[PDB]
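See structure below.
Throughout, residue positions are numbered sequentially from 1 according to the sequence presented. Worth knowing before you read on, the calculation uses all heavy atoms, side chains too, and leaves out hydrogens, waters and symmetry mates.
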Amino acid sequence: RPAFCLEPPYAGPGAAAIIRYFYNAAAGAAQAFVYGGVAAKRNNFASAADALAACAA
């Protein structure tokens, strides 16, 4: 499991309200979060499937 998969979700400073997904390793689940549209970190994916593929192979 790449180490980035343990990062808390990061909305960043932006004012957009975009739905993205992060891997929540404690929950063993990909979960939706709000992304502000700038300053993404790595635990940020377009879909739950993409998050699971990277982080729960």
Remaining members of hydrophobic cluster (4.5 Å side-chain criterion), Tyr23: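 Hydrophobic cluster check, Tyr23: joined to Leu52.
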Linked hydrophobic residues, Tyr35 as query - side chain contacts closer than 4.5 Å: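 ILVMFWY cluster around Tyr35 also holds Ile18, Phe22, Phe33.
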If I take atom [atom1] from residue [X] and atom [atom2] from residue [Y], how far apart are they, to the nearest 0.5 angstrom?
| X | Y | atom1 | atom2 | answer |
| --- | --- | --- | --- | --- |
| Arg42 | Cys55 | CZ | SG | 11.5 Å |
| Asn44 | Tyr10 | CG | OH | 11.5 Å |
| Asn43 | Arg20 | CG | CZ | 12.5 Å |

Between [X] and [Y], which heavy-atom pair has the shortest distance, and what is it?
| X | Y | result |
| --- | --- | --- |
| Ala51 | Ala30 | CB-CB, 3.9 Å |
| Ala17 | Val34 | CA-CG1, 3.6 Å |
| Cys5 | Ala54 | SG-O, 4.2 Å |

